[PDB]
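Worksheet: one structure, shown below.
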Amino acid sequence: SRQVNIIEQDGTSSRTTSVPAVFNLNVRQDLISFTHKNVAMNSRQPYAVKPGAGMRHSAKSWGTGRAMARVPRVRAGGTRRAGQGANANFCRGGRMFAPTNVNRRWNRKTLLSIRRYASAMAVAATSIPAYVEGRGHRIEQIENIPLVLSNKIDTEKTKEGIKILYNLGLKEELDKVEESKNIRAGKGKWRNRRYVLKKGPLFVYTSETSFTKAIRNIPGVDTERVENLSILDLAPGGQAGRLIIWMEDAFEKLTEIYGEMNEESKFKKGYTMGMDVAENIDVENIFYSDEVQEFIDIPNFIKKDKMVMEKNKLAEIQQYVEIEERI
Amino acid sequence: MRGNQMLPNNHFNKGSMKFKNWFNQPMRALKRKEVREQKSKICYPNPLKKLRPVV
Amino acid sequence: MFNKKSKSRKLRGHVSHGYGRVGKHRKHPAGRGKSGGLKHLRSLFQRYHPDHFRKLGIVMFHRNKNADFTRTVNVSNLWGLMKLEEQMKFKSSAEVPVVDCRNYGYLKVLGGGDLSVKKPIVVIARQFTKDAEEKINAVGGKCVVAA
Amino acid sequence: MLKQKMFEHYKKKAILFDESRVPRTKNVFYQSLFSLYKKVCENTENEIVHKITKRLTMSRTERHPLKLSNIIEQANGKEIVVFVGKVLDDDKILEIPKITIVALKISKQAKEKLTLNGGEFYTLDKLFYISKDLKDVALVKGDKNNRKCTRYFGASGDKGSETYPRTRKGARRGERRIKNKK
Amino acid sequence: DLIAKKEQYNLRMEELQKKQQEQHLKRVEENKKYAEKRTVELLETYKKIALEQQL
Amino acid sequence: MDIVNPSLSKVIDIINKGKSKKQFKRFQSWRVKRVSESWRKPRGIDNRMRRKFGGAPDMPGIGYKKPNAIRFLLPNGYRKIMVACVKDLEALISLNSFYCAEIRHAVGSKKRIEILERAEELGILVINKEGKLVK
RNA sequence: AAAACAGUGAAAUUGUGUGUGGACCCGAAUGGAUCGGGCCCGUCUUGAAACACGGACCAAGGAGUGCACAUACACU
Ligand SMILES: [K+]
Ligand SMILES: [K+]
Ligand SMILES: [K+]
Ligand SMILES: [K+]
Ligand SMILES: [K+]
Ligand SMILES: [K+]
Ligand SMILES: [K+]
Ligand SMILES: [K+]
Ligand SMILES: [K+]
Ligand SMILES: [K+]
Ligand SMILES: [K+]
Ligand SMILES: [K+]
Ligand SMILES: [K+]
Ligand SMILES: [K+]
Ligand SMILES: [Mg+2]
Ligand SMILES: [Mg+2]
Ligand SMILES: [Mg+2]
Ligand SMILES: [Mg+2]
Ligand SMILES: [Mg+2]
Ligand SMILES: [Mg+2]
Ligand SMILES: [Mg+2]
């Protein structure tokens, strides 16, 4: 397939590695979207109105014969509230139609087999330049994809941490995040969701290292372990192709986790990496193959004109002449 | 009632019926973990669980 | 499709919400539940549910499911209980397989179809049909009854 | 003379693809495959190609699956068989004849069995390479009427009706069939 | 490779389109000459058929 | 502003003089102030407009739709595209034969100057050119 | 019961000034008299312009929802 180069602190490269089998799998934007939608609903907290709101007062209908509509009315005296219209949904201070209630179904199920497959093809998309650019990550200055940082990174301070990331070409991407901060439009700015930022690189590690707490204060950097990598982090908003910094240990682990083509993963029991109904999107081009061109038949390009019935135009198509004969 | 169905039988007639929700499930799981951990310190070298027969 | 708009959203602006102007939408025009079945709903019952109004059969006031639960297999499926790699060994090999149905949760053997491979086999179960016994003995196999 | 000419025209138009139908799936690999067949249809009259193109447009339920043994039973001595659907394993059978299956999908356990006995699975993009003039192919089809839910269609209170009532069921409970014939 | 074979089709089809077009005009020209002679015939046979009745 | 698309220059006046000025006011919006002018289809059992009696007004429908070629065309012979950045004009570079630009209302003075300078060198027509920037 | 900012400040409705008409809508016009067509909406009803009922005027609120159990269809 290919080899990939590891990168040391100073930006030198010397050692090289083979690439895991998961990266040869085709991408299904339908399934990535479906899985995103369901899983995003599992983090909700319930809301409801109070269980007997709008129903507090002593009210009764006046019945017919008083020249008034037969809505329930408030029993009182000494206040302007006497005779006003009480309980119904069309009344000021009355009860809402179908009060919201805690018994609603907040979460959603998705098959384990689809969750596994969606995460596999999300990982794959992180190494196609077309998808990575399409999300809006800018990668003009980056030498090659994917990036694999070495171990033996001995960094402990943020000062030296940024210098490393700059040497990998990430400067323009990081700047794009810092400049982005803005206050949200609408009522969300009152409900603890005040500031919005653009997404940036995700760092994936597997083994505990000091580099994690060196990079984390830099805006737009995000971190997760390979063994519990989530679709919310891999396809934000349900669009795939997030930029990823791999650690060398983590990149080798992808072979144990997803296995090899037409084999069974040891780490994910009962799961195997499958085949589409057609190998590529380009299959329409098979029409031009020798085998097809022998099969078909020669086309007719000559086509009839549309009917015309106007006097003058018709007379040039059918010139009529009289006859004298009476037969 | 119209058409072909399995004949209904849904038991929601009783107005005094209680509902039980499970919004506490993740939190109560975390408490059970933290109780086992602290219990495990109190008797450090010894296993938390006893030996049991096979029947 | 995984998502679709509802009908209720199209009915905004149309007076009757699709229930008719003359017939309307009232509270319970036919009665509650499955009541009326010997009377005004007799035509629904006699068409779709003819064996509803009756008492039938022998009565035991307590029954135990565990004492009566069973699952059945046919002779044509016996070789299928083994894994495919195992099947392909015993097909060529000189040895005779010894299959115990108890291990897969089957207790009774039925006589459906023909045996997959026409070589001897030992089958262990709790009960056999007369057809099953004849078919297994035909290939020189043996049926062993066990608890 | 004319009555024959007319009927022979109707029979033809009943076979050909409609060209105002399209599959509902958002799968781009499936929509690719349909595009190929569609462009072949408008350049041919051959009935097998037209039948295949019409079947890719039908629903999941219309594309009912078949088991390996039933393909062989319907193959009627042909070498290549074609099927717009998924091929499943038959646990009742071990040895099979050598055969080439062109189809939409196959299960893991079926593919192994097919391979051990000698034989090949190809996807429907490759048909034109497997066969030169489509004379050695058979086309095969399942039937959605064999679903277990078809046992309840109709009215059990009609005379001579074979249908089953929708019922609660237990050791003693359950409505019987009473208006059938035996 | 197939992207190159796509060009050979486009070329082949243009030749065929020009060819069929030229063959069409010749038919149209042929037909016009037959039609002239035939109309002169039939306008005279009507005249003959009429005299037969007078006789 | 007095400018015209060069491909339609000798035709634009025929096109303009041919456009309908019909309005489809809601029934009885002339009778009570609580009913706005915006079209809604009448659905009454007795209603004279729904039943299409002579002397009642006309109702909208597909017959009135313009030819596909003429549709959406401004009176200067171009179609319009909205812009709010310098990087938006970059899209029009292939389409300037038939499309023109209209700067969004919320873009302020200092930024508008930068948009117009770019429009001049790329050769793109901007229809709000005067805008707020007259002073 | 009502009542937030000493923000913004719509409609109903009133006075003054300037124009156009004598209930108003649709089609077509003049320098200028006008010509032709149109009964008040919503609703039950075989049948409403009705001597059938509701509607003085404006703003804002205001009615097929949630859960359980079988079901047919589309999609994985
Ligand atoms: K009360
Ligand atoms: K846990
Ligand atoms: K509904
Ligand atoms: K309805
Ligand atoms: K009504
Ligand atoms: K009764
Ligand atoms: K207009
Ligand atoms: K009426
Ligand atoms: K038109
Ligand atoms: K105020
Ligand atoms: K004020
Ligand atoms: K009424
Ligand atoms: K009257
Ligand atoms: K009344
Ligand atoms: Mg309230
Ligand atoms: Mg707002
Ligand atoms: Mg009714
Ligand atoms: Mg009635
Ligand atoms: Mg009456
Ligand atoms: Mg009144
Ligand atoms: Mg409102």
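All chains are named by letter (A, B, ...) in the order of the sequence lines, taking the proteins before the strands, and each is independently numbered beginning at 1.
- To the nearest whole angstrom, the two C1' atoms, one in G/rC44 and one in G/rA52, are 10 Å apart.
- In this structure, D/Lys144 reaches neither bases nor backbone, as no heavy-atom distance under 4.0 Å exists between it and the strands shown.
- F/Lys25 places its NZ atom 14 Å from the P atom of G/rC24, with the value rounded to the nearest Å.
- Using a 4.0 Å heavy-atom distance criterion, C/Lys4 is classed as making no nucleic acid contact.
- Nucleotide G/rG9 carries a south-puckered sugar, as indicated by a negative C1'-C2'-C3'-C4' torsion.
- Nearer the 5' end of RNA chain G, as judged by each residue's closest nucleotide, is the contact made by C/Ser8, out of C/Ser8 and C/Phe2.
- Taking the ring centroids of A/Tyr117 and A/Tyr271, they lie at or beyond the 6.0 Å cut-off.
- One finds a salt bridge joining F/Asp58 and F/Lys22 here, because a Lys/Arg side-chain nitrogen approaches an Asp/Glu carboxylate oxygen to under 4.0 Å.
- Only the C1' atoms considered, G/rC24 is 23 Å distant from G/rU30, to the nearest whole Å.
- Adjacent nucleotides G/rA63 and G/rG64 fail the stacking criterion: their six-membered base rings are not both under 5.5 Å apart at the centres and under 30° between the planes.
- With both ends at atom P, the span from G/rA12 to G/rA60 equals 13 Å, rounded to whole Å.
- The side chain of D/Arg166 has G/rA72 as its nearest neighbour among G/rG42, G/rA72, G/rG38.
- Put simply, A/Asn89 has no side-chain N or O that comes within less than 4.0 Å of OP1 or OP2 on G/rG61.
- Across all strands shown, F/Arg26 has no heavy atoms under 4.0 Å from either base or sugar-phosphate atoms.
- On the basis of its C1'-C2'-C3'-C4' angle being negative, G/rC51 carries a south sugar.
- Residue-level contact check: F/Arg34 touches the backbone only, with heavy atoms under 4.0 Å from sugar-phosphate atoms and none from bases.
- Contacts of B/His11 with the nucleic acid, taken as non-hydrogen atoms under 4.0 Å apart, are absent.
- Residue-level contact check: A/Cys91 touches neither bases nor backbone, having no heavy atom under 4.0 Å from any strand.
- A salt bridge links C/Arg47 with D/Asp158: the closest approach of a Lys/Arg side-chain nitrogen to an acidic carboxylate oxygen falls below 4.0 angstrom.
- Judged by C1'-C2'-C3'-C4', the furanose ring of G/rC40 adopts a south pucker.
- A distance of about 11 Å separates the P atoms of G/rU13 and G/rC57, rounded to the whole Å.
- Among the heavy atoms of the strands, none lies under 4.0 Å from C/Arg9.
- Rounded to the nearest 0.5 Å, atoms CZ (A/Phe34) and CD (A/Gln29) are 14.5 Å apart.
- With G/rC24, G/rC41, G/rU76 as the choices, the nucleotide that has an atom nearest any side-chain atom of D/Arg60 turns out to be G/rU76.
- Going from the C1' atom of G/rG31 to that of G/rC41 covers 41 Å, rounded to whole Å.
- Residue A/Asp30 is out of contact with every strand shown, counting any heavy-atom pair closer than 4.0 Å.
- Taking the six-membered ring where the residue is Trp, the centroids of F/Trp39 and F/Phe27 are separated by 6.0 Å or more.
- The closest side-chain donor-acceptor pair between D/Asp18 and D/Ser20, if any, does not fall under 3.5 angstrom.
- For F/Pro57, taking side-chain heavy atoms from C-beta onward, the closest of the listed nucleotides G/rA68, G/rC26, G/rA49 is G/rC26.
- For G/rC39, the OP1/OP2 oxygens have a side-chain nitrogen or oxygen of F/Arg48 closer than 4.0 Å.
- With the cut-off at 3.5 Å for both distances, G/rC41 forms a Watson-Crick or G-U wobble pair with G/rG54.
- Judged by ring centres under 5.5 angstrom apart and ring planes under 30 degrees, G/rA50 does not stack on its strand neighbour G/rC51.
- A negative value of the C1'-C2'-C3'-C4' torsion places the sugar of G/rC5 in the southern pucker family.
- Among the nucleotides G/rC57, G/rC69, G/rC41, the one closest to the side chain of B/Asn10 is G/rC69.
- South is the pucker class for the sugar of G/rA48, given a negative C1'-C2'-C3'-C4' value.
- Ranking G/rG38, G/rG64, G/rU65 by closeness to the A/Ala98 side chain, first place goes to G/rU65.
- Aromatic rings from F/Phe24 and F/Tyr64 are positioned such that their centres are separated by under 6.0 Å.
- Taking atom P on both nucleotides, G/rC58 is separated from G/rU65 by 32 Å, rounded to a whole Å.
- Put simply, OG1 on A/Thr79 and CD on A/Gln84 are 8.0 Å apart, with the number rounded to the nearest 0.5 Å.
- No hydrogens or angles considered: a donor-acceptor pair under 3.5 Å links the side chains of F/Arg40 and F/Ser38.
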Step-by-step salt bridge (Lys or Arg N to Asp or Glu O under 4.0 Å) determination, D/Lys26 to A/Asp30: CA-CA 6 Å; D/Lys26 292 194 176 183; A/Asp30 58 330; over 6 Å; no
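- Nucleotides G/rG38 and G/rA49 have their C1' atoms positioned 13 Å apart, rounded to a whole Å.
- Using a 4.0 Å heavy-atom criterion, one finds that B/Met6 contacts the sugar-phosphate atoms exclusively.
- By the rule that a glycosidic angle within 90° of 0 means syn, G/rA50 does not qualify and counts as anti.
- Bases G/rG27 and G/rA28 qualify as stacked neighbours, criterion being ring centres under 5.5 Å and ring planes under 30°.
- At the phosphate of G/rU65, neither OP1 nor OP2 sits under 4.0 Å from any side-chain N or O atom of A/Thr100.
- In this structure, G/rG7 forms no base pair with G/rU13 under the Watson-Crick or G-U wobble definition at 3.5 Å.
- Distances from the side chain of A/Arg81 to the nucleotides G/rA1, G/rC41, G/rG61 place G/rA1 closest.
- Comparing G/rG64, G/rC41, G/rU45 by their closest approach to the side chain of C/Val22 singles out G/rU45.
- More than 90° away from 0 lies the glycosidic angle of G/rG15, which makes this nucleotide anti.
- Between G/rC41, G/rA1, G/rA63, one nucleotide has an atom nearer to the side chain of F/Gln28 than all others, and that is G/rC41.
- Listed pair F/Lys33 / G/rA12 meets the phosphate criterion, a side-chain N or O lying under 4.0 Å from OP1 or OP2.
- G/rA56 and G/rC40 have their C1' atoms separated by 16 Å, with the value rounded to a whole Å.
- Side-chain proximity of D/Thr25 to G/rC75, G/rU76, G/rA70: nearest is G/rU76.
- With G/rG64, G/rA74, G/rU76 as the choices, the nucleotide that has an atom nearest any side-chain atom of D/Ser59 turns out to be G/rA74.
- Scanning atom types as modelled, one donor and one acceptor separated by under 3.5 angstrom connect the side chain of F/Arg31 and the base of G/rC40.
- Between G/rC53 and G/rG42, both key atom distances fall under 3.5 Å, giving a Watson-Crick or G-U wobble pair.
- Consecutive residues G/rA29 and G/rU30 form a stacked step, taking six-membered ring centres below 5.5 angstrom and planes below 30 degrees as the test.
- With rounding to whole Å, A/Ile32 atom CD1 is found 21 Å from G/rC75 atom P.
- Projected onto RNA chain G by closest heavy-atom contact, F/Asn47 and B/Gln5 fall at different nucleotides, the more 5' of which corresponds to F/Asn47.
- Residue contacts for C/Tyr19: at a heavy-atom cut-off of 4.0 Å it reaches a base atom on one of the strands shown.
- Contact between the side-chain N/O atoms of D/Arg147 and the OP1/OP2 oxygens of G/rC73 is found at a separation under 4.0 Å.
- Between D/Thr61 and G/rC73, a side-chain N or O to OP1/OP2 separation shorter than 4.0 Å is absent.
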